[PDB]
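One structure below.
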Amino acid sequence: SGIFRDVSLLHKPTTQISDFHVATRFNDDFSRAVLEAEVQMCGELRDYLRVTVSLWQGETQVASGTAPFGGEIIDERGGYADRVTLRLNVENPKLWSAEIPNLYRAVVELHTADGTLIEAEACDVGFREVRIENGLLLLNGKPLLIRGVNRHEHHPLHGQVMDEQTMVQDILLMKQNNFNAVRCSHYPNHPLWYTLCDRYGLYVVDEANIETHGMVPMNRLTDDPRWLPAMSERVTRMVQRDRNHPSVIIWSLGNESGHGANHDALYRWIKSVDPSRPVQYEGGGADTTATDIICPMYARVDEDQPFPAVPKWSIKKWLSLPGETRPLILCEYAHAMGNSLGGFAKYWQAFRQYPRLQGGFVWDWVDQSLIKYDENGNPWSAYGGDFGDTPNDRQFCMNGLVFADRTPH
Amino acid sequence: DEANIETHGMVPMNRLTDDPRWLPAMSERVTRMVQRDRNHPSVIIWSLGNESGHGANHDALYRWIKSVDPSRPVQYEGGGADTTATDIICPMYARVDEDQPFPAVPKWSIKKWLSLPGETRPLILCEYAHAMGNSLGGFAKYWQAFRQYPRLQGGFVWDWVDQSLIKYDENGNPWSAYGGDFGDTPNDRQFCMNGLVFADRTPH
Ligand code: NA
Ligand code: NA
Ligand code: NA
Ligand code: NA
């Protein structure tokens, strides 16, 4: 517990940019793109107000557009007078991917017609298209093969406080170890994380802070309308916050919370607000109506585990169940707990032979061990119960590929 | 029930079946079969023939049956086992886990075949586990797979009886003959014996 992430103060003018959405759409071969920027304001509405959205490639400005507020007509009562959408044509754009994290800089200026800048907000932009077609998850028209890992925000000394140093470090080891994607298990991460992924180049699964595993049954709350409000905010605010990061390629509804009507609602909400990205969720069986990807945890390659209500089929069999057509990406697989990862190659071989097996996210990145001190001030690695904490689940918080200090297993 | 159409030796295999001038002769072989056997309950699937590649003639005829006898599915393995002239993915000799990615007409692992992007048909091998001489090694692997995957709905082993023919020696005693034993040539020797039982019906 505590004030574990940054605290700050921000000054905005009275007439301000209260929101902005950045989208990139492409032509059949990506040789041409349209960057669309929706900008919203708070402040007195005035005729002389303008928005200028400019696109830069390094120190080169590649595109720009300016316009007064007042969106198009949308219904019988009109349109959003406090909004406006800029559309910028980009030819032969340099595309973003984890292999080549090309980025552009988008600068949104709020200013007077005549020139006076009120404020400017900005972001990095990755031109890329994420889309599921014919059962495959494509990136820029090509099928991804996910080399992922789940990663909590954990630090042996600091606990749940995340610093750039550590983040950078995690990123590099992952890249140096052939990983191309990471899952935010199981909550939106510290802001800087997304920026780093954008820049170094990693595919990200951004996940809502919603986990009700201890319930009985698991969907006790998620299936209850009375909890829909609290849940919705865990989803909506995430989306509103991270929708412009190119690194984020999929949204996730949370984790281990069974499957409830609430998930369905929320799933549709997202699809509605941001069609640019697929939505997945593993709860209730991993192939529910609330997920665009079959995303099981721990399904085996060849071996079926027919649990009731929520079987975990052999991943290869799962794909060809009658009527099934989705891609399969394990949200969790290969539990790296201790002396583990036996049978890892087996998964890879399957991922390589079957087109719709587009990989998965190993469970997980780093051991959740906390440093303690002995009678003579020497530090040692602690786990559940080592703090008088009980009930506890002992070493089960230690399942990483690397030790808490980042030394590899 | 399978129309009497096989043009295996053409180069490429669909040389005639893709020719509209052969449509007619081909049509009769399909139509007259349906016309004749359409009342037998035992017939559950129609087959367009065998090893004649994949040509337009097959699409037209596939359509003819569907039209005239919606009661039964039509299958055809030529041209790749999963062409638009077949309701059933019905490959010959596709392996359980092992891909054989021949160009133009690959034979994927059956388990893999079912879930290729956009694929939804059931799969029943029109030919499998080639029973020539001391064979059938790996038969169990298929059974396990068929049992495990709903869409893997079995197949037809190749084949039931050895095509040996009886000949006699000076002594007047009978012997089982094969390819070339009659002075025939060119011939394919023992290739005509792929059965589960010998010609006299004695099991292998
Ligand atoms: Na694959
Ligand atoms: Na754990
Ligand atoms: Na089956
Ligand atoms: Na033969």
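All values below were derived from every heavy atom in this structure, side-chain atoms included, with hydrogens, water molecules and symmetry-related copies excluded. In what follows, chains carry the letters A, B, and so on, assigned in the order in which the sequence lines appear, proteins first and then strands, with residues in each chain numbered from 1. Every number for a ligand or one of its atoms is a count from 1 in the order of the listing.
- Take A:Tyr298 and apply the ring pair (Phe, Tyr, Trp, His ring centres under 6.0 Å) test, not counting sequence neighbours, and it matches A:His335.
- For the pair A:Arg151 and A:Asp170, the salt-bridge criterion is met [side-chain N within less than 4.0 Å of a carboxylate O].
- A salt bridge links A:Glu153 with A:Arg5: the closest approach of a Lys/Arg side-chain nitrogen to an acidic carboxylate oxygen falls below 4.0 angstrom.
- Taking A:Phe4 as the reference, nothing meets the ring pair (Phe, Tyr, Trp, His ring centres under 6.0 Å) condition, with sequence neighbours excluded.
- Under 3.0 Å from the Na ion (ligand 3) lies no N/O/S atom of B:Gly154, from backbone or side chain alike.
- With values rounded to the nearest 0.5 angstrom, B:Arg95 atom CZ is found 10.0 Å from B:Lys107 atom NZ.
- A search for salt bridge (charged side-chain N to carboxylate O under 4.0 Å, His left out) contacts involving A:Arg326 returns A:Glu324, not counting sequence neighbours.
- Protein atoms of type N/O/S that fall under 3.0 Å from the Na ion (ligand 2) number 2 in this view.
- In this model, a donor atom of one side chain and an acceptor atom of the other lie less than 3.5 Å apart for A:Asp287 and A:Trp318.
- For the pair O of B:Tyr149 and O of B:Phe146, the angle whose vertex sits at the Na ion (ligand 3) is 100° to 10 degrees.
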